[PDB]
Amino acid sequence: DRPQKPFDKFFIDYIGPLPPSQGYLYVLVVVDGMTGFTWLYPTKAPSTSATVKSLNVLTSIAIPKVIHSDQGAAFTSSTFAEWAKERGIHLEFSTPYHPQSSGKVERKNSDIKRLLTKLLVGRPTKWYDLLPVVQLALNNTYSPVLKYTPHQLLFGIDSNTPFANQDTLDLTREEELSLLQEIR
């Protein structure tokens, strides 16, 4: 069998609802399977049409051979199925209640939720503006397994924003207290 490649497979999922930021409530998350590169798109709903709208942006840059998701309503609709067929994209579902992907992807997805949570706290409504810097962060994060960042694997160069501080990701004493406040 042939070595894994970028664009071979995109893993997608929704995160949310979140506090409203500039009208938006969810994040559609796309992770390339080979590289672990992440794209994020803010949406107002986890619907087929918000999905199509966002993916239409992404697929203007690059088209996956396969999209993998859970059996979310957005992803199993016949509209979404026709959209993918039009673009030659094969759709692929984890079985219900049994989410599955890859170690790299799972961990990547873990990092994404933690990092969001970490920056949400203190300013839970300002995340829309932070979405760009979050992606740079994720994508310029060194992988223990592969010896490269997603940026390096996707483009074959070093980046102009290395993230030299592999940071906490865990909440400080202060934030735990005030994220406990928010969740009240």
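C-alpha atoms forming the largest set that superposes within 1.5 Å between two forms make up the rigid core. In this text, residue numbers run from 1 along the sequence as written.
**Q** Out of 118-126 and 57-65, which shows the greater rigid core-aligned C-alpha deviation in 7 other deposited structures of this protein?
**A** When 118-126 and 57-65 are compared in 7 other deposited structures of this protein, the bigger C-alpha shift is seen for 118-126.
**Q** Going by the average Cα B-factor in the PDB entry, point out whether 35-43 or 121-129 comes out higher.
**A** 121-129 has the higher mean C-alpha B-factor.
**Q** Between 112-120 and 25-33, point out the one with the higher average CA B-factor as the PDB entry records it.
**A** The stretch with the larger average C-alpha B-factor is 112-120.
**Q** Looking at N56, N139, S143, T48, which has the highest CA B-factor as recorded?
**A** Top of the list by C-alpha B-factor: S143.
**Q** Place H90 in the lowest, middle or highest third of its chain's C-alpha B-factors, as listed in the PDB entry.
**A** For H90, whose C-alpha B-factor we compare with every modelled residue in the chain, the answer is the lowest third.
**Q** Determine, from the deposited record, the chain-internal third of the Cα B-factor for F75: lowest, middle or highest.
**A** Its C-alpha B-factor belongs to the middle third of this chain's values.
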